[PDB]
>>> print(open('data.pdb').read())   # PDB, C-alpha atoms and all ligand atoms
ATOM      1  CA  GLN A  16     101.338 152.816 146.504
ATOM      2  CA  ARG A  17     102.437 155.367 149.182
ATOM      3  CA  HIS A  18     104.978 155.079 152.066
ATOM      4  CA  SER A  19     106.115 151.407 152.368
ATOM      5  CA  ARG A  20     109.557 149.793 153.069
ATOM      6  CA  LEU A  21     108.087 146.381 152.143
ATOM      7  CA  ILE A  22     108.397 147.522 148.529
ATOM      8  CA  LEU A  23     112.155 147.413 149.221
ATOM      9  CA  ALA A  24     111.850 143.899 150.774
ATOM     10  CA  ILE A  25     110.119 142.610 147.599
ATOM     11  CA  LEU A  26     112.652 144.150 145.187
ATOM     12  CA  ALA A  27     115.343 142.695 147.443
ATOM     13  CA  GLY A  28     113.738 139.265 146.906
ATOM     14  CA  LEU A  29     113.924 139.525 143.095
ATOM     15  CA  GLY A  30     117.366 141.069 143.460
ATOM     16  CA  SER A  31     118.524 138.287 145.742
ATOM     17  CA  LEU A  32     117.060 135.402 143.656
ATOM     18  CA  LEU A  33     118.260 136.524 140.177
ATOM     19  CA  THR A  34     121.604 137.283 141.793
ATOM     20  CA  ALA A  35     121.648 133.830 143.493
ATOM     21  CA  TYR A  36     120.924 132.283 140.086
ATOM     22  CA  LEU A  37     123.846 133.665 138.112
ATOM     23  CA  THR A  38     125.989 132.683 141.107
ATOM     24  CA  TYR A  39     124.887 129.086 140.684
ATOM     25  CA  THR A  40     125.452 129.390 136.922
ATOM     26  CA  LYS A  41     129.118 130.564 137.118
ATOM     27  CA  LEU A  42     129.651 128.100 139.899
ATOM     28  CA  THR A  43     128.335 125.117 137.838
ATOM     29  CA  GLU A  44     129.991 126.160 134.515
ATOM     30  CA  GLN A  45     131.953 123.539 132.550
ATOM     31  CA  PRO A  46     135.091 125.596 131.701
ATOM     32  CA  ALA A  47     136.367 126.036 128.131
ATOM     33  CA  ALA A  48     139.145 127.461 125.943
ATOM     34  CA  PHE A  49     137.457 127.797 122.542
ATOM     35  CA  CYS A  50     134.202 129.699 122.320
ATOM     36  CA  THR A  51     132.910 128.494 118.915
ATOM     37  CA  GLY A  52     129.863 130.070 117.243
ATOM     38  CA  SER A  56     124.189 130.959 128.405
ATOM     39  CA  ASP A  57     125.710 134.509 127.991
ATOM     40  CA  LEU A  58     129.105 136.013 127.129
ATOM     41  CA  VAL A  59     129.184 139.392 128.949
ATOM     42  CA  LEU A  60     127.841 137.392 131.923
ATOM     43  CA  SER A  61     130.921 135.165 132.022
ATOM     44  CA  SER A  62     133.282 137.870 130.886
ATOM     45  CA  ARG A  63     136.117 139.088 133.017
ATOM     46  CA  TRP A  64     134.666 141.225 135.870
ATOM     47  CA  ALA A  65     132.056 138.569 136.584
ATOM     48  CA  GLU A  66     134.660 137.279 139.048
ATOM     49  CA  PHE A  67     135.528 139.721 141.833
ATOM     50  CA  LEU A  68     138.026 139.451 144.702
ATOM     51  CA  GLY A  69     137.788 135.661 144.665
ATOM     52  CA  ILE A  70     134.010 135.249 144.623
ATOM     53  CA  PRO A  71     131.700 135.579 141.554
ATOM     54  CA  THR A  72     130.369 139.085 141.063
ATOM     55  CA  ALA A  73     126.953 137.477 141.272
ATOM     56  CA  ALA A  74     127.998 136.521 144.802
ATOM     57  CA  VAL A  75     129.078 140.150 145.511
ATOM     58  CA  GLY A  76     125.647 141.033 144.172
ATOM     59  CA  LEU A  77     124.248 138.375 146.500
ATOM     60  CA  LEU A  78     125.886 139.724 149.671
ATOM     61  CA  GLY A  79     124.501 143.163 148.884
ATOM     62  CA  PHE A  80     121.034 142.101 147.806
ATOM     63  CA  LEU A  81     120.197 139.887 150.808
ATOM     64  CA  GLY A  82     122.056 142.382 153.009
ATOM     65  CA  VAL A  83     119.348 144.908 152.030
ATOM     66  CA  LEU A  84     116.591 142.300 152.422
ATOM     67  CA  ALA A  85     117.582 141.608 156.035
ATOM     68  CA  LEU A  86     117.641 145.307 156.994
ATOM     69  CA  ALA A  87     114.320 145.857 155.203
ATOM     70  CA  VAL A  88     112.900 143.029 157.349
ATOM     71  CA  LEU A  89     114.932 142.632 160.592
ATOM     72  CA  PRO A  90     113.544 145.776 162.302
ATOM     73  CA  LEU A  93     113.130 146.956 165.625
ATOM     74  CA  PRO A  94     115.105 146.904 168.911
ATOM     75  CA  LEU A  95     118.860 146.039 168.611
ATOM     76  CA  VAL A  96     119.139 148.703 165.878
ATOM     77  CA  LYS A  97     116.706 151.634 165.796
ATOM     78  CA  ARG A  98     118.667 154.715 164.626
ATOM     79  CA  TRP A  99     120.815 152.664 162.356
ATOM     80  CA  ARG A 100     118.624 150.722 159.964
ATOM     81  CA  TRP A 101     117.100 153.347 157.684
ATOM     82  CA  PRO A 102     120.506 154.960 156.959
ATOM     83  CA  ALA A 103     122.392 151.616 156.835
ATOM     84  CA  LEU A 104     119.742 150.795 154.256
ATOM     85  CA  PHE A 105     120.826 153.977 152.467
ATOM     86  CA  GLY A 106     124.579 153.195 152.585
ATOM     87  CA  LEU A 107     124.200 149.709 151.021
ATOM     88  CA  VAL A 108     121.741 150.672 148.276
ATOM     89  CA  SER A 109     123.933 153.687 147.413
ATOM     90  CA  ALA A 110     126.976 151.423 147.192
ATOM     91  CA  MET A 111     124.936 149.071 144.960
ATOM     92  CA  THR A 112     124.064 152.052 142.747
ATOM     93  CA  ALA A 113     127.794 152.841 142.433
ATOM     94  CA  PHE A 114     128.427 149.269 141.343
ATOM     95  CA  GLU A 115     125.320 149.189 139.007
ATOM     96  CA  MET A 116     126.691 152.264 137.203
ATOM     97  CA  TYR A 117     130.084 150.768 136.513
ATOM     98  CA  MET A 118     128.539 147.462 135.312
ATOM     99  CA  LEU A 119     126.117 149.464 133.166
ATOM    100  CA  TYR A 120     129.101 151.514 131.961
ATOM    101  CA  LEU A 121     131.082 148.427 130.947
ATOM    102  CA  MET A 122     128.001 146.860 129.393
ATOM    103  CA  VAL A 123     127.359 149.921 127.175
ATOM    104  CA  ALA A 124     130.850 151.424 126.718
ATOM    105  CA  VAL A 125     133.650 148.821 126.887
ATOM    106  CA  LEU A 126     131.957 145.439 126.329
ATOM    107  CA  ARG A 127     129.313 147.018 124.072
ATOM    108  CA  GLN A 128     127.072 143.945 124.539
ATOM    109  CA  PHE A 129     123.619 143.819 126.131
ATOM    110  CA  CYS A 130     122.979 141.293 128.906
ATOM    111  CA  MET A 131     119.364 140.967 129.967
ATOM    112  CA  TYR A 132     120.190 139.469 133.334
ATOM    113  CA  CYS A 133     122.617 142.323 133.789
ATOM    114  CA  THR A 134     120.076 144.992 132.850
ATOM    115  CA  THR A 135     117.491 143.409 135.177
ATOM    116  CA  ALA A 136     119.834 143.551 138.151
ATOM    117  CA  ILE A 137     120.541 147.230 137.441
ATOM    118  CA  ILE A 138     116.828 148.106 136.951
ATOM    119  CA  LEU A 139     116.169 146.323 140.251
ATOM    120  CA  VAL A 140     118.854 148.403 142.029
ATOM    121  CA  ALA A 141     117.723 151.490 140.107
ATOM    122  CA  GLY A 142     114.358 150.852 141.827
ATOM    123  CA  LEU A 143     116.020 149.971 145.171
ATOM    124  CA  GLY A 144     117.251 153.565 145.236
ATOM    125  CA  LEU A 145     114.134 155.346 143.976
ATOM    126  CA  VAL A 146     112.095 153.799 146.822
ATOM    127  CA  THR A 147     114.878 154.294 149.442
ATOM    128  CA  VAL A 148     115.145 157.946 148.313
ATOM    129  CA  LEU A 149     111.436 158.390 148.954
ATOM    130  CA  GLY A 150     111.128 158.318 152.738
ATOM    131  CA  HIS A 151     110.688 161.415 154.973
ATOM    132  CA  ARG A 152     114.450 161.727 154.735
ATOM    133  CA  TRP A 153     115.573 164.669 156.989
ATOM    134  CA  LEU A 154     112.775 167.081 155.754
ATOM    135  CA  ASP A 155     114.825 166.554 152.562
ATOM    136  CA  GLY A 156     118.395 167.454 153.600
ATOM    137  CA  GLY A 157     121.145 167.991 151.052
ATOM    138  CA  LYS A 158     123.198 165.795 153.429
ATOM    139  CA  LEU A 159     121.996 163.004 151.171
ATOM    140  CA  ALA A 160     123.356 164.667 148.053
ATOM    141  CA  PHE A 161     126.799 164.699 149.689
ATOM    142  CA  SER A 162     126.417 161.438 151.678
ATOM    143  CA  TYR A 163     125.556 159.680 148.418
ATOM    144  CA  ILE A 164     128.430 161.316 146.521
ATOM    145  CA  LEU A 165     130.776 160.143 149.308
ATOM    146  CA  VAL A 166     129.663 156.479 149.346
ATOM    147  CA  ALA A 167     129.209 156.298 145.534
ATOM    148  CA  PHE A 168     132.737 157.646 144.923
ATOM    149  CA  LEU A 169     134.238 155.697 147.837
ATOM    150  CA  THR A 170     132.898 152.586 146.037
ATOM    151  CA  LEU A 171     134.111 153.485 142.521
ATOM    152  CA  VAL A 172     137.690 153.773 143.777
ATOM    153  CA  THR A 173     137.430 150.326 145.347
ATOM    154  CA  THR A 174     135.509 148.620 142.551
ATOM    155  CA  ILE A 175     137.545 150.153 139.746
ATOM    156  CA  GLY A 176     140.617 149.589 141.943
ATOM    157  CA  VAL A 177     139.844 145.875 142.523
ATOM    158  CA  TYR A 178     139.172 145.288 138.797
ATOM    159  CA  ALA A 179     142.400 146.890 137.643
ATOM    160  CA  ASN A 180     144.252 144.857 140.287
ATOM    161  CA  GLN A 181     142.594 141.699 138.977
ATOM    162  CA  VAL A 182     144.807 141.514 135.825
ATOM    163  CA  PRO A 183     148.243 140.136 136.743
ATOM    164  CA  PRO A 184     151.483 141.964 135.727
ATOM    165  CA  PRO A 185     152.307 140.469 132.275
ATOM    166  CA  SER A 186     154.815 137.594 132.284
ATOM    167  CA  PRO A 187     158.534 138.306 131.735
ATOM    168  CA  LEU A 188     158.320 135.786 128.871
ATOM    169  CA  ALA A 189     155.509 137.748 127.140
ATOM    170  CA  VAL A 190     157.718 140.436 125.565
ATOM    171  CA  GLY A 191     159.998 138.055 123.628
ATOM    172  CA  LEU A 192     157.301 135.473 122.857
ATOM    173  CA  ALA A 193     155.207 138.210 121.236
ATOM    174  CA  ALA A 194     157.977 139.546 118.956
ATOM    175  CA  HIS A 195     158.975 135.931 118.162
ATOM    176  CA  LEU A 196     155.481 134.781 117.117
ATOM    177  CA  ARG A 197     155.699 137.880 114.890
ATOM    178  CA  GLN A 198     158.719 136.333 113.156
ATOM    179  CA  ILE A 199     157.660 132.689 112.658
ATOM    180  CA  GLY A 200     154.226 133.611 111.228
ATOM    181  CA  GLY A 201     152.472 132.470 114.435
ATOM    182  CA  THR A 202     148.949 133.833 114.255
ATOM    183  CA  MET A 203     145.985 134.007 116.598
ATOM    184  CA  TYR A 204     142.525 133.788 115.080
ATOM    185  CA  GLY A 205     139.644 134.792 117.322
ATOM    186  CA  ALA A 206     136.777 137.147 118.052
ATOM    187  CA  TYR A 207     137.022 140.388 120.065
ATOM    188  CA  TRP A 208     133.749 139.517 121.792
ATOM    189  CA  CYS A 209     134.950 136.106 123.067
ATOM    190  CA  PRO A 210     135.822 136.013 126.725
ATOM    191  CA  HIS A 211     138.814 133.783 125.927
ATOM    192  CA  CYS A 212     140.144 135.626 122.854
ATOM    193  CA  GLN A 213     140.450 138.308 125.609
ATOM    194  CA  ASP A 214     141.789 135.759 128.084
ATOM    195  CA  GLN A 215     144.662 134.987 125.703
ATOM    196  CA  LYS A 216     145.168 138.702 125.162
ATOM    197  CA  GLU A 217     145.369 139.130 128.890
ATOM    198  CA  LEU A 218     148.383 136.837 129.274
ATOM    199  CA  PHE A 219     150.499 138.827 126.797
ATOM    200  CA  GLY A 220     149.202 142.254 127.968
ATOM    201  CA  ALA A 221     151.593 145.081 127.052
ATOM    202  CA  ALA A 222     153.190 142.672 124.574
ATOM    203  CA  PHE A 223     150.000 141.771 122.698
ATOM    204  CA  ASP A 224     150.470 144.757 120.369
ATOM    205  CA  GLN A 225     153.187 142.705 118.650
ATOM    206  CA  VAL A 226     151.278 139.399 118.384
ATOM    207  CA  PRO A 227     149.946 138.434 114.904
ATOM    208  CA  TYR A 228     146.176 138.725 115.260
ATOM    209  CA  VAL A 229     143.385 137.968 112.855
ATOM    210  CA  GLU A 230     140.107 139.422 114.046
ATOM    211  CA  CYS A 231     137.495 136.968 112.840
ATOM    212  CA  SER A 232     134.161 138.594 113.606
ATOM    213  CA  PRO A 233     134.391 142.404 113.512
ATOM    214  CA  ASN A 234     130.632 142.961 113.628
ATOM    215  CA  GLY A 235     129.515 141.258 116.845
ATOM    216  CA  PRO A 236     128.474 137.638 117.545
ATOM    217  CA  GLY A 237     126.152 135.697 115.191
ATOM    218  CA  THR A 238     127.219 137.529 112.020
ATOM    219  CA  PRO A 239     129.391 136.192 109.137
ATOM    220  CA  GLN A 240     132.987 135.472 110.172
ATOM    221  CA  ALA A 241     135.509 137.610 108.233
ATOM    222  CA  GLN A 242     137.014 136.087 105.058
ATOM    223  CA  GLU A 243     140.666 135.717 106.165
ATOM    224  CA  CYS A 244     139.535 133.260 108.866
ATOM    225  CA  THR A 245     137.308 130.751 107.039
ATOM    226  CA  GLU A 246     140.036 130.302 104.395
ATOM    227  CA  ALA A 247     142.259 129.008 107.195
ATOM    228  CA  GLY A 248     139.426 126.795 108.537
ATOM    229  CA  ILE A 249     138.887 128.519 111.909
ATOM    230  CA  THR A 250     136.076 126.880 113.873
ATOM    231  CA  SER A 251     136.488 128.284 117.436
ATOM    232  CA  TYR A 252     137.717 131.424 119.155
ATOM    233  CA  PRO A 253     141.111 131.770 120.136
ATOM    234  CA  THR A 254     142.679 129.298 117.652
ATOM    235  CA  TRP A 255     146.399 129.461 116.843
ATOM    236  CA  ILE A 256     148.027 128.581 113.524
ATOM    237  CA  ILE A 257     151.740 128.201 114.278
ATOM    238  CA  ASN A 258     153.657 126.327 111.543
ATOM    239  CA  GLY A 259     150.904 124.256 109.896
ATOM    240  CA  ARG A 260     149.900 122.964 113.370
ATOM    241  CA  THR A 261     146.574 124.299 114.727
ATOM    242  CA  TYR A 262     146.096 124.921 118.454
ATOM    243  CA  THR A 263     142.371 125.360 119.285
ATOM    244  CA  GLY A 264     142.110 127.212 122.559
ATOM    245  CA  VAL A 265     143.786 129.548 125.024
ATOM    246  CA  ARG A 266     147.359 128.424 125.591
ATOM    247  CA  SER A 267     149.727 129.615 128.292
ATOM    248  CA  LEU A 268     152.677 131.808 127.307
ATOM    249  CA  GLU A 269     154.447 128.707 128.620
ATOM    250  CA  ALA A 270     152.816 126.417 126.012
ATOM    251  CA  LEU A 271     152.927 128.876 123.105
ATOM    252  CA  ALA A 272     156.691 129.166 123.568
ATOM    253  CA  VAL A 273     156.865 125.328 123.331
ATOM    254  CA  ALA A 274     154.743 125.266 120.166
ATOM    255  CA  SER A 275     156.615 128.192 118.574
ATOM    256  CA  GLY A 276     160.234 127.250 119.192
ATOM    257  CA  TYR A 277     160.862 130.031 121.722
ATOM    258  CA  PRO A 278     163.235 128.782 124.450
ATOM    259  CA  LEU A 279     161.453 129.004 127.841
TER     260      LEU A 279
HETATM  261 HG    HG B   1     163.019 134.544 117.550
HETATM  262 HG    HG B   2     141.022 139.005 121.004
END
>>> encode(input="data.pdb", output="structure tokens", more="lines below")
Ligand SMILES: [Hg+2]
Ligand SMILES: [Hg+2]
Amino acid sequence: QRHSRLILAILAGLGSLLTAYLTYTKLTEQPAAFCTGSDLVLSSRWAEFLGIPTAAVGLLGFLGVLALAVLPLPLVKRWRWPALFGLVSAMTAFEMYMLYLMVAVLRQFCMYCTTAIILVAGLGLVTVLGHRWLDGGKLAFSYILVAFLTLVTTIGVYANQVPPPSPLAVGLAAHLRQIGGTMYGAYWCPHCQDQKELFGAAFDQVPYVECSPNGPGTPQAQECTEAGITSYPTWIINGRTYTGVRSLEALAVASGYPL
């Protein structure tokens, strides 16, 4: 109701728990190549960061705030209320990029993902509202520092996630072009993107049939059903149908390209 850091502690609970959940989800997942048709944006790319699940990155942060909201008072007097600023600010930086992706690049809504953000959104709004240097503008800057320092790392670490496209990719793309080799799949599907990852620069050459232009759970485009496509990144290469992400390695086998 008024001036209370316990309100942080609570929101850190919910943050922690939800975050712990999706961690246990991605960790227990039974992996797949096709994605015929819990959530898709949730097990997109990005959801895995630096080794650990992004949920886990979320975890470290969320219980990291919980502890500081609760651990005080000797051992760390001066340091806890700003350390509690630096972590929440850094979470806000990360929230914004996730939110960005969600809205802008993935274009799909994820209700676990929105929750997490709303939670952090709140984690700031409360953390903002302490006595806070008789309201200094040192925040304004301090925030802009930490926010921006994070968005160079986060955006950095995500762009360094995708590996430099294989040497094979260039030829295998322009070959599949020749021998009619076609990839049927949905733009939304994490794996139709997974396959598109492996080719990279080269993918612009690869014969691609988009199957579901208008989102998930809406009629699959006509070209696809006529070729009997039932899952999402299937390959029709010379009468033979490969149902699932294949390596550049294995597509070169299936397509006659000498590896
Ligand atoms: Hg060829
Ligand atoms: Hg695709």
>>> resolve_selection(input="data.pdb", expression="the PyMOL selection byres (((chain A and resi 262) around 12) and not hetatm)", output="PyMOL selection string")
chain A and resi 48-49+201-205+249-261+263-267+270-271+273-275
>>> resolve_selection(input="data.pdb", expression="the PyMOL selection byres (((not hetatm)) within 10 of (chain B and resi 2))", output="PyMOL selection string")
chain A and resi 203-217+223+228-231+252-253
>>> write_last_selection(input="data.pdb", atoms="C-alpha atoms", output="PDB file, in the coordinates of the input")
ATOM      1  CA  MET A 203     145.985 134.007 116.598  1.00  0.00           C
ATOM      2  CA  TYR A 204     142.525 133.788 115.080  1.00  0.00           C
ATOM      3  CA  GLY A 205     139.644 134.792 117.322  1.00  0.00           C
ATOM      4  CA  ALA A 206     136.777 137.147 118.052  1.00  0.00           C
ATOM      5  CA  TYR A 207     137.022 140.388 120.065  1.00  0.00           C
ATOM      6  CA  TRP A 208     133.749 139.517 121.792  1.00  0.00           C
ATOM      7  CA  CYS A 209     134.950 136.106 123.067  1.00  0.00           C
ATOM      8  CA  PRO A 210     135.822 136.013 126.725  1.00  0.00           C
ATOM      9  CA  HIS A 211     138.814 133.783 125.927  1.00  0.00           C
ATOM     10  CA  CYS A 212     140.144 135.626 122.854  1.00  0.00           C
ATOM     11  CA  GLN A 213     140.450 138.308 125.609  1.00  0.00           C
ATOM     12  CA  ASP A 214     141.789 135.759 128.084  1.00  0.00           C
ATOM     13  CA  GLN A 215     144.662 134.987 125.703  1.00  0.00           C
ATOM     14  CA  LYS A 216     145.168 138.702 125.162  1.00  0.00           C
ATOM     15  CA  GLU A 217     145.369 139.130 128.890  1.00  0.00           C
ATOM     16  CA  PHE A 223     150.000 141.771 122.698  1.00  0.00           C
ATOM     17  CA  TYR A 228     146.176 138.725 115.260  1.00  0.00           C
ATOM     18  CA  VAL A 229     143.385 137.968 112.855  1.00  0.00           C
ATOM     19  CA  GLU A 230     140.107 139.422 114.046  1.00  0.00           C
ATOM     20  CA  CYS A 231     137.495 136.968 112.840  1.00  0.00           C
ATOM     21  CA  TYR A 252     137.717 131.424 119.155  1.00  0.00           C
ATOM     22  CA  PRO A 253     141.111 131.770 120.136  1.00  0.00           C
TER      23      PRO A 253
END
>>> closest_atom_pairs(input="data.pdb", of="chain A", to="ligand HG 1 (chain B)", cutoff="12 Å", atoms="only C-alpha atoms and all ligand atoms", output="CSV")
residue,atom,partner,partner_atom,distance
A:190,CA,B:HG1,HG,11.3
A:191,CA,B:HG1,HG,7.6
A:192,CA,B:HG1,HG,7.9
A:193,CA,B:HG1,HG,9.4
A:194,CA,B:HG1,HG,7.2
A:195,CA,B:HG1,HG,4.3
A:196,CA,B:HG1,HG,7.6
A:197,CA,B:HG1,HG,8.5
A:198,CA,B:HG1,HG,6.4
A:199,CA,B:HG1,HG,7.5
A:200,CA,B:HG1,HG,10.9
A:201,CA,B:HG1,HG,11.2
A:272,CA,B:HG1,HG,10.3
A:275,CA,B:HG1,HG,9.1
A:276,CA,B:HG1,HG,8.0
A:277,CA,B:HG1,HG,6.5
A:278,CA,B:HG1,HG,9.0
A:279,CA,B:HG1,HG,11.8
>>> closest_residue(input="data.pdb", among="A:177, A:59, A:35, A:247", to="residue 134 (chain A)", atoms="only C-alpha atoms")
A:59
>>> resolve_selection(input="data.pdb", expression="the PyMOL selection byres (((chain A and resi 182) around 10) and not hetatm)", output="list in words")
residues 63, 177, 178, 179, 180, 181, 183, 184, 185, 217, 218 and 220 of chain A
>>> closest_residue(input="data.pdb", among="A:34, A:162, A:135, A:62", to="residue 102 (chain A)", atoms="only C-alpha atoms")
A:162
>>> atom_distance(input="data.pdb", atom1="CA of residue 222 (chain A)", atom2="CA of residue 125 (chain A)")
20.6 Å
>>> residues_around(input="data.pdb", residues="residue 100 (chain A)", least_positions_apart="3", cutoff="12 Å", atoms="all atoms listed in the file", output="JSON, numbers by chain")
{"A": [20, 82, 83, 84, 85, 86, 87, 88, 89, 90, 93, 94, 95, 96, 97, 103, 104, 105, 106, 107, 147]}
>>> write_last_selection(input="data.pdb", atoms="C-alpha atoms", output="PDB file, in the coordinates of the input")
ATOM      1  CA  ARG A  20     109.557 149.793 153.069  1.00  0.00           C
ATOM      2  CA  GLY A  82     122.056 142.382 153.009  1.00  0.00           C
ATOM      3  CA  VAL A  83     119.348 144.908 152.030  1.00  0.00           C
ATOM      4  CA  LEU A  84     116.591 142.300 152.422  1.00  0.00           C
ATOM      5  CA  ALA A  85     117.582 141.608 156.035  1.00  0.00           C
ATOM      6  CA  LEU A  86     117.641 145.307 156.994  1.00  0.00           C
ATOM      7  CA  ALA A  87     114.320 145.857 155.203  1.00  0.00           C
ATOM      8  CA  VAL A  88     112.900 143.029 157.349  1.00  0.00           C
ATOM      9  CA  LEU A  89     114.932 142.632 160.592  1.00  0.00           C
ATOM     10  CA  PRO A  90     113.544 145.776 162.302  1.00  0.00           C
ATOM     11  CA  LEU A  93     113.130 146.956 165.625  1.00  0.00           C
ATOM     12  CA  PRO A  94     115.105 146.904 168.911  1.00  0.00           C
ATOM     13  CA  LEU A  95     118.860 146.039 168.611  1.00  0.00           C
ATOM     14  CA  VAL A  96     119.139 148.703 165.878  1.00  0.00           C
ATOM     15  CA  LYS A  97     116.706 151.634 165.796  1.00  0.00           C
ATOM     16  CA  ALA A 103     122.392 151.616 156.835  1.00  0.00           C
ATOM     17  CA  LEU A 104     119.742 150.795 154.256  1.00  0.00           C
ATOM     18  CA  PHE A 105     120.826 153.977 152.467  1.00  0.00           C
ATOM     19  CA  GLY A 106     124.579 153.195 152.585  1.00  0.00           C
ATOM     20  CA  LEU A 107     124.200 149.709 151.021  1.00  0.00           C
ATOM     21  CA  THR A 147     114.878 154.294 149.442  1.00  0.00           C
TER      22      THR A 147
END
>>> atom_distance(input="data.pdb", atom1="CA of residue 32 (chain A)", atom2="CA of residue 45 (chain A)")
22.0 Å
>>> closest_residue(input="data.pdb", among="A:65, A:160, A:145, A:33", to="residue 131 (chain A)", atoms="only C-alpha atoms")
A:33
>>> residues_around(input="data.pdb", residues="residue 66 (chain A)", least_positions_apart="4", cutoff="10 Å", atoms="only C-alpha atoms", output="list in words")
residues 41, 60, 61, 62, 70, 71, 72, 73, 74, 75, 178 and 181 of chain A
>>> closest_residue(input="data.pdb", among="A:81, A:64, A:159, A:69", to="residue 117 (chain A)", atoms="all atoms listed in the file")
A:64
>>> closest_residue(input="data.pdb", among="A:51, A:29, A:165, A:150", to="residue 232 (chain A)", atoms="only C-alpha atoms")
A:51
>>> atom_distance(input="data.pdb", atom1="CA of residue 155 (chain A)", atom2="CA of residue 30 (chain A)")
27.2 Å
>>> closest_residue(input="data.pdb", among="A:136, A:111, A:22, A:68", to="residue 36 (chain A)", atoms="only C-alpha atoms")
A:136
